[PDB]
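Right, one structure below, let's go through it.
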Amino acid sequence: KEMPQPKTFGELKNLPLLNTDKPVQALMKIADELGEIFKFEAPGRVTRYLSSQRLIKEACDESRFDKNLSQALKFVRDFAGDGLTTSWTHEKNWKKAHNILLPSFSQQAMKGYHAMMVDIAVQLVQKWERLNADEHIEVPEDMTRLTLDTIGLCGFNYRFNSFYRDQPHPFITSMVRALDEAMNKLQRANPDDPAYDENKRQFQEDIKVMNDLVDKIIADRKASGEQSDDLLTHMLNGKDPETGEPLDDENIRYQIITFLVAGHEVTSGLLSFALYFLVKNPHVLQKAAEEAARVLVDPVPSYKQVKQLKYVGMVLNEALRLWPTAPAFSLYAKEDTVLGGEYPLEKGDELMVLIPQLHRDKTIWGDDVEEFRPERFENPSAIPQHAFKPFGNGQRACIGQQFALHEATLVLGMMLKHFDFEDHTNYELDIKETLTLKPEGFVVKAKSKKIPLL
Ligand code: HEM
Ligand SMILES: O=C(CCCCCn1ccnc1)N[C@@H](Cc1ccccc1)C(=O)O
């Protein structure tokens with residue numbers, strides 16, 4: 001089969017289609033038009049966007065395909081270095097860091113982080129308890145305060161104190177601006193044009209800011225000798241069972257930057273979308289609120305109670321189905337192979353997995369794919385293989401999946417226990433795209449149920 005291709009712009013091929021405010025949603029519309037696979041060409045680049053479970057289940061075969069760094073990840077590597085997400089699988093630092101960090105990210109390690117996650121979750125609840133009657137909540141803004149603070153505390157015992165300020169932390173200003181520059185280079189038809197020279201100068205200054213601030217955090221911890229149960233201690237003390245080597249200080253810095261990128265808007269996007277879908281689906285909200293009240297019987301949730309918030313876990317998975325906040329990942333063929341029995345690929349050929357479109361495959365989910373129905377996730381054995389991939393695939397899957405879902409389940413549970421919510425503006429969904437997705441301008445009113453935290 002010859003695969004389709006969207007409209008072209010002469011020598012720029014398909015590249016101008018990405019010069020738009022919402023490229024992921026633009027790619028989803030192209031997929032709707034062209035189907036489960038289409039070719040996408042730019043100067044010096046060819047990739048193929050996959051959207052059906054039929055083809056993606058083959059792409060997830062790790063004997064045939066390995067993780068590729070998309071152009072986006074290549075630009076993020078300019079400041080995330082060989083941290084886990086921007087490393088190639090064959091780089092020595094990928095497997096070393098993966099072996100060392102896996103026990104820090106397990107379901108068992110979440111027991112150790114739980115107290116710190118509660119610390120920040122309680123600050124969010126108290127903020128909302130303290131609003132006056134006429135005020136509202138800026139949802140993505142507050143969810144990002146929560147997730148940033150949680151990863152700072154669990155990551156290296158650092159308090160960003162986001163609920164005490166309007167103006168972001170200096171590290172975050174550079175990190176957000178670096179991510180902004182990474183996404184902007186994707187959309188430049190002529191990136192060598194001198195009008196981008198201070199953009200490039202600014203990008204180099206932001207890299208130096210992040211590096212110096214994180215390096216000081218590491219030097220300060222080594223100097224004090226204190227042993228906290230955070231990711232920094234584990235990286236300073238851990239040894240890779242295979243090579244027997246610890247991480248070096250440069251790589252630890254890259255891992256910290258990587259966790260901070262991941263724990264910022266990618267996780268807060270999930271909480272924002274989940275609350276959006278709950279207020280748009282009051283019957284689902286009521287069921288989740290009933291579970292929260294039945295399970296969260298103590299003033300602050302325990303680790304074990306968060307594990308019992310099963311329906312809230314389903315709400316979060318259904319929010320990830322519709323708007324996965326890391327919406328794509330890239331693969332390359334390790335050898336010549338045939339995809340779906342119709343599309344021959346040569347060694348090195350690249351694939352993009354378009355996750356939001358995969359998650360709308362009507363042959364998997366039925367006709368009602370656009371509806372928010374957490375009950376789809378009652379039994380993971382009833383979901384076909386590779387139909388649901390919001391955390392990536394295989395050995396390159398998200399190491400932070402348990403962390404993100406524990407944090408999100410805890411805080412959504414507390415939110416549902418402590419407040420009734422009003423969609424007071426009848427908010428129209430507007431998905432702002434960076435390298436992640438979020439519902440821009442989403443606002444609600446939260447009326448306290450006046451249940452104490454003591
Ligand atoms: C809802 C929240 C999150 C989602 C949807 C998400 C999604 C993803 C996805 C799709 C990948 C694979 C990327 C690729 O194949 O190119 C990935 C990898 C990764 N994520 Fe997450 N993530 C989330 C939260 C987090 C958190 C909270 C952390 C750490 C604190 C984290 C750390 C990582 C790392 C280190 C990798 C690379 C793992 C490796 O390649 O060995 N993520 N994530
Ligand atoms: O399709 C995408 C969407 C974004 C994927 C990477 C962003 N993200 C998501 C989760 N974690 C990182 N990105 C391609 C775009 C592109 C295609 C062809 C030529 C140039 C650019 C890429 O970045 O290579």
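Here, residue 1 is the first one in the sequence, and each next residue gets the next number. In listed order, ligands and their atoms are each counted from 1. Only heavy atoms go into these numbers, but all of them, side chains included; no hydrogens, no water, no symmetry mates.
- Of all atoms in ligand 1, numbered sequentially from 1 with element shown, those under 4.0 Å from a heavy atom of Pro390 are 5 (C), 7 (C), 10 (C).
- Here the heavy atom of the protein found nearest to atom 41 (O) of ligand 1 is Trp94 NE1, 2.8 Å.
- A donor-acceptor pair under 3.5 Å is absent between the side-chain atoms of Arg177 and the main chain of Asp206, judged by distance alone.
- Aromatic ring pairs are classed by plane angle as parallel below 30°, tilted from 30° to 60° and perpendicular above 60°; the pair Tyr158 and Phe160 is perpendicular.
- By the criterion of a heavy-atom distance under 4.0 Å, the side chain of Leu73, and not its backbone, is placed next to ligand 1.
- A side-chain N or O of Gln227 and one of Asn237 form a donor-acceptor pair less than 3.5 Å apart.
- Residue contacts with ligand 1 do not include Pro324, since none of its heavy atoms lies under 4.0 Å from the ligand.
- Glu36 pairs with exactly one of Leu55, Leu50, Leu358 by the side-chain contact (heavy atoms from CB on, under 4.5 Å) rule, that one being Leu55.
- With hydrogens left out, the protein atom closest to atom 12 (C) of ligand 1 is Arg396 O, 3.8 Å, a heavy atom.
- For atom 23 (O) of ligand 2, the closest heavy atom belonging to the protein is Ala72 N, 2.9 Å.
- Between the side chain of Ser174 and the main chain of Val209, no donor-acceptor pair closer than 3.5 Å is present.
- By the 30° and 60° cut-offs, the orientation of the rings of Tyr303 relative to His406 is parallel.
- At under 3.5 Å, not a single nitrogen or oxygen of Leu73, backbone or side chain, sits near a nitrogen or oxygen of ligand 2.
- Considering backbone and side-chain atoms together, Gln395 places no N or O closer than 3.5 Å to any N or O of ligand 1.
- Close contacts between ligand 1 and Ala397 involve ligand atoms 38 (C) [criterion: under 4.0 Å to a heavy atom].
- When only non-hydrogen protein atoms are considered, atom 20 (C) of ligand 2 lies nearest to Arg45 NH1, 3.3 Å.
- Listed by number with element, the atoms of ligand 2 under 4.0 angstrom from any heavy atom of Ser70 are 6 (C), 22 (C), 23 (O), 24 (O).
- In the vicinity of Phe40, heavy-atom distances shorter than 4.0 Å reach the ligand 2 atoms 18 (C).
- Close approach of ligand 1 to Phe329 (heavy-atom distance below 4.0 Å) involves ligand atoms 14 (C), 15 (O), 16 (O).
- Side chain of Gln305 to main chain of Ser302: a donor-acceptor pair is present (N/O by atom type, distance under 3.5 Å, no hydrogens or angles).
- Per-residue contacts place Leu27 under 4.0 angstrom from the following atoms of ligand 2 (heavy atoms of the residue considered): 1 (O).
- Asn317 contributes no side-chain N or O that, together with a main-chain N or O of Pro374, makes up a donor-acceptor pair within less than 3.5 Å.
- Under 4.0 angstrom from ligand 1, the non-hydrogen atoms of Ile151 all belong to its side chain.
- Counting atoms of ligand 2 from 1 in the listed order, those under 4.0 Å from a heavy atom of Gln71 are 22 (C), 23 (O), 24 (O).
- Below 3.5 Å of separation, one finds no N or O of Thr325 facing any N or O of ligand 1.
- The shortest separation from a heavy atom of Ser87 to ligand 1 is not under 4.0 Å, leaving the residue out of contact.
- Counting heavy atoms closer than 4.0 Å to ligand 2, residue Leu18 contributes side-chain atoms (C-beta onward) but none from N, CA, C or O.
- In terms of heavy atoms, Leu148 sits closest to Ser162 at CD2-OG, 3.8 Å.
- With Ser330 as the partner, the side-chain contact (heavy atoms from CB on, under 4.5 Å) test is satisfied by one option alone out of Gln71, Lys67, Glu350, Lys74: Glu350.
- In this structure a side-chain-to-backbone donor-acceptor pair under 3.5 Å is present from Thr243 to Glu245.
- Ordered by chain and number, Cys398 SG make up the set of protein N, O or S atoms under 2.8 Å of atom 21 (Fe) of ligand 1.
- Distance alone, capped at 3.5 Å, places no donor-acceptor pair between the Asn19 side chain and the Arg188 backbone.
- Residue contact check for ligand 2: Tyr49 places a non-hydrogen atom closer than 4.0 Å to it.
- Smallest separation of non-hydrogen atoms from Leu232 and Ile218: CD1-CG1, 4.2 Å.
- In this pair, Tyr276 and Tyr427 present their aromatic rings perpendicular. The plane angle is above 60°, beyond the 30 to 60° band.
- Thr8 places no side-chain N or O within donor-acceptor distance of the main-chain N or O of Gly10, the cut-off being under 3.5 Å.
- Looking only at protein heavy atoms, the nearest one to atom 3 (C) of ligand 2 is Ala328 CB, 4.2 Å.
- The protein heavy-atom contact nearest to atom 24 (C) of ligand 1 is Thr267 OG1, 3.6 Å.
- In this structure, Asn251 contributes its side chain and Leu247 its backbone to no donor-acceptor pair below 3.5 Å.
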